[PDB]
Amino acid sequence: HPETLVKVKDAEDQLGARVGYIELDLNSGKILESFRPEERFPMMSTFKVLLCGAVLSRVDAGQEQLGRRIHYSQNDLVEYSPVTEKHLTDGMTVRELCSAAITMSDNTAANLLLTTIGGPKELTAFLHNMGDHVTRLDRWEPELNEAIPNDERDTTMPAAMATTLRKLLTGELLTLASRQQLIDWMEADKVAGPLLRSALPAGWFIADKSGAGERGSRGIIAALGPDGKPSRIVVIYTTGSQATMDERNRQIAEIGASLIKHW
Ligand SMILES: *[B]([O])([O])[C]([C]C1=[C][C]=[C]C(C([O])=O)=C1[O])[N]C([C])=O
């Protein structure tokens, strides 16, 4: 809805930064609405969904186990390791790691998982194989959140990320069981409260993943819909603002409010 585009532009004005936006029909893959769909934005922690996706494909293929336990040490600990830092002694399973990386945005959990699949280059190659020739992971946590202007490293495009997420959630790429596992993690998200979630009406379905970074970067990817089921993919990225975290949260939630309102 064009009225949503009005809010998006309003957001750019409010934040004094670029905003990338996309609304995608889950079933058909049709673009319902877009704003700078083909400009690059830093993915930040939104990439964690893609990471667990690659992990799940490995599991499906017998190359990995959800139950496998990983034993890391204090040396692996990076800033923003709310969960990992609590299990230093016993380690954590692949399952718990994906859960932490997604539901809590745990940075260490991501690096550990990155290691198991062969690093950024491997994640990148996974994406490329599934038809996404744009999205790219170049660094590890937490350097990937650098967001230097004009840098292509660790970026995606709103259209690329939307279509990729769609393939992941509804394609033949993952077994049905893995798909669900993926959705289950996004659904249990615990740090995205002040974003789309704040405008969501009761009884609606939401599976999402947020992210933040330097240079006022903030973003969210999500599958949502009325009646406990998703029917649309929404991707929102911003970068360059000198605004506070709170002001960035508000604009995102206001965009959400508009999209819901004009559903
Ligand atoms: B992520 O954006 O790569 C990473 C970890 C992260 C920490 C706190 C809150 C969020 C969010 O809103 O989802 C995160 O993603 N960001 C940094 C700066 O390390």
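Reading guide: rules and limits
Residues numbered from 1 in each chain as written, not as in the entry; some residues may be left out. Heavy atoms only, no water. Core = buried A, V, L, I, M, F, W, Y, C linked by side-chain atoms within 4.5 Å. Buried < 20%, exposed > 50% of the residue type's maximum accessible area, 1.4 Å probe, protein only. Helix = DSSP H or I, 4+ residues; strand = E, 2+ residues; numbered from the N terminus. Contact = heavy atoms within 4.5 Å. Near = heavy atom within 4 Å. Polar contact = N/O pair within 3.5 Å; in protein donor to acceptor, adjacent residues only side chain to side chain. Areas by Shrake-Rupley, 256 points an atom, 1.4 Å probe, with all protein chains shown as cover. Nonpolar A, V, L, I, M, F, W, Y, C, P; charged D, E, K, R; others polar. Disulfide = S-S within 2.5 Å. UniProt positions renumbered as here; feature names shortened; annotations may be inferred.

A. Looking closely at the nonpolar core. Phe-47, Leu-113 and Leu-182 are the most contacted members of the largest nonpolar core, which totals 54 residues. Looking at which element gives the most residues to this core, the answer is helix α2 (residues 47-60), with eight residues. Contact partners of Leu-182, with chain neighbours within four places excluded, come to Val-49, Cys-52, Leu-56, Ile-102, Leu-168, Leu-169 and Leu-174.

B. Spotlight on the site of the ligand. In the vicinity of the ligand lie 14 residues, with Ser-45, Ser-105, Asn-145, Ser-210 and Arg-218 positioned nearest. One of the side-chain N or O atoms of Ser-45 is found 2.3 Å from an oxygen atom in the ligand. Burial of the ligand by the protein amounts to 81% of the accessible area it has alone, namely 440 Å². With four residues, strand β7 (residues 205-212) is the single largest residue contributor to the shell around the ligand. Residues belonging to the shell around the ligand are distributed by class as follows: four nonpolar, six polar and four charged.

C. Geometry of the UniProt feature "disulfide bond" in the chain. In this model the UniProt disulfide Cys-52-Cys-98 is closed, its S-S distance of 2.1 Å falling under 2.5 Å. Highlighted residues: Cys-52 in helix α2 and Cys-98 in helix α3 (residues 94-103), separated in sequence by 46 residues. As far as burial versus exposure is concerned, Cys-52 and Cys-98 are alike and both buried.

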